[PDB]
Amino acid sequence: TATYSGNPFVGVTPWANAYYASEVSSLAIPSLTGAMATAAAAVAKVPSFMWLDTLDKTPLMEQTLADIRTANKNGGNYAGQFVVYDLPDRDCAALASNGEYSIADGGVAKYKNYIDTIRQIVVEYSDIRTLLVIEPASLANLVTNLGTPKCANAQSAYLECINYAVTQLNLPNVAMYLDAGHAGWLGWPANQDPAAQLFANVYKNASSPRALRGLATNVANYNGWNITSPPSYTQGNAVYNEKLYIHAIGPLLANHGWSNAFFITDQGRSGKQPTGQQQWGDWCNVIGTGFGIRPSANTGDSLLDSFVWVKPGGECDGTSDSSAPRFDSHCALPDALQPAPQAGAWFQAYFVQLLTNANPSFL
């Protein structure tokens, strides 16, 4: 059944979508032989979130859901996972993932249509549990980057927009998780309370929506879950892994008006610890990373509903071509794999490194 009570990941199975499947079978496999080609085909069977990074991405959402309903009618129990990521003046603290909507050019109204569209789809397929991650790298920027004009000037729109999203998608078959950065971002002591206040406020201001089950951490990043050895680049922070991060922020959300908040953590590129990050603040196509802990709700943790793979390994994080559009200097750094295509584009060399460093291994 679609509606739930408790951890939305219990009583359903995460669906591996066709989009990622297609990327691995028609962009990476034809370029591998023997073992690798057989391992890669397995990777595409692991469930990961489909990003709705553009309005014209919604048709694919409807089709993926179209497939699920089908499998579910033939004795199957699957749920859909998608990332809502199309905020006006998106990624305000960086340049690599600039989006299709801008506040100046009627961006807020366009986002409201963007959410309306999506709502109509979850409405149409109310017979399917739909798990959602809401706007990665947005509220987290309001906490630490008000010093960047683009973020400060976008504060009003972000808030308005996110509130429209969380309330407009507040439905019985929906489970939302607001993105909350990660250990290296807001895990720092002085960033903790302020973040807690921010998410608590978003939640309460939306009238404590039932579908809003909690926060998502490490989305598109590489922090480890419960490593017992602090990596060198985390020097100076006692919260150096995601477990320590959610157990530190959980009680604080409760302090500010949000009880029973749970978490899901991205481990799609965490398998290899430590990473080749020269610095903890380097986020672009980091070297020395592999597929990590596989998706599952048997977390062994009181606050984690499930391990997840939100950022699909192999899909670039940004170009390293100084001449190309949307060039973020972070993607030309020594710890970044080069040369890199545009963000969202398939990155064959990266996908191979992840397969070779998978842990659990695929080989």
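The first residue of the sequence shown is number 1, and the count goes up from there.
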Higher-scoring stretch by recorded Cα B factor average, 129-137 or 145-153: 145-153
Which of 304-312 and 327-335 has higher mean CA B factor, as the PDB entry lists it: 327-335
Residue selected from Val83, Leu87, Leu95, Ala196 by maximal Cα B factor: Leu95
Options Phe9, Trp15, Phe347, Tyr20 - largest CA temperature factor per the record: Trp15
B-factor third for the C-alpha atom of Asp317 within its chain: middle
For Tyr240, the third of its chain into which the C-alpha B factor falls: lowest
Modelled-residue ranking by C-alpha temperature factor, third containing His256: middle
Record-listed C-alpha B factor of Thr54: chain third: lowest
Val202 CA temperature factor, ranked by third within the chain: middle
